[PDB]
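In structure tokens, the next block holds one chain alone, the form deposited in one PDB entry.
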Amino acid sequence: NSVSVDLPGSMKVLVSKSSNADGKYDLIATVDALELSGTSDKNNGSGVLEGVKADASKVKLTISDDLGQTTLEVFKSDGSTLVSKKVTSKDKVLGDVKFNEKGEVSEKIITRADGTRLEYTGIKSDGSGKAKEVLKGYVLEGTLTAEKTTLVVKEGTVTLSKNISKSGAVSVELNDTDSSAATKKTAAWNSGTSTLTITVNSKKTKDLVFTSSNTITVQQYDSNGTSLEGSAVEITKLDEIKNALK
């Protein structure tokens, strides 16, 4: 009969127990009440399945050879133009992409393995658009260009900018329009530790760490401005980032 195989993207495929005269395996999947079917030259669940939506949209599910990746695509009725593409990679990261009527990317939502998200919307032909980072407890808003995502938090005369390069590298900067050397914040970015050190009046005041866990922590310096004190506190809401910039 058939063997149920577990797939990335919360899907399952049934694969025939044995091959056919061409040596090929039959594949069957149900994706949100839509029946897909296909044939594969592998025996493990990998290969291509196809179906048709009630509105005649073509649907294709492609399972990579090692079962690490799935790609669920919807096309126009002639199968020529993409409508949407959902890719779950072997690190369980999800890419959810919408296309315009010309088959060009117009929206991309990336869901990280921890559930945080990058939301790119209104994407134009130059790769520019609106950007949103959805974190645990708060959201960061900004813009996308082909060079970088820039997310901005403003508090008083201070503007904090989180940059994510097109290659995924994070840098952070801080700009203050405050004129008084007594109150004005400046900041230095340490790329090796993903840490922004803020200074007021030639004394370090706090370290903002932008962690690999997609959180932000804040830790104060002692009143001298030289050593850290206490321990870093994880930001849980947008108000607490704002407080760090006061």
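Take the two forms, find the largest set of C-alpha atoms that superpose within 1.5 Å, and that set is the rigid core. For every residue, the number given is its place in the sequence shown, counted from 1.
Omitted here: the form deposited in another entry. The next part is about that form.
With the core held fixed between this form and the one not shown, residue 56 has its Cα displaced by under 2 Å. Core-aligned CA deviation for residue 231 between this form and the one not shown: less than 2 Å. Put the two forms on the same core and the Cα of residue 206 is off by less than 2 Å between this form and the one not shown.
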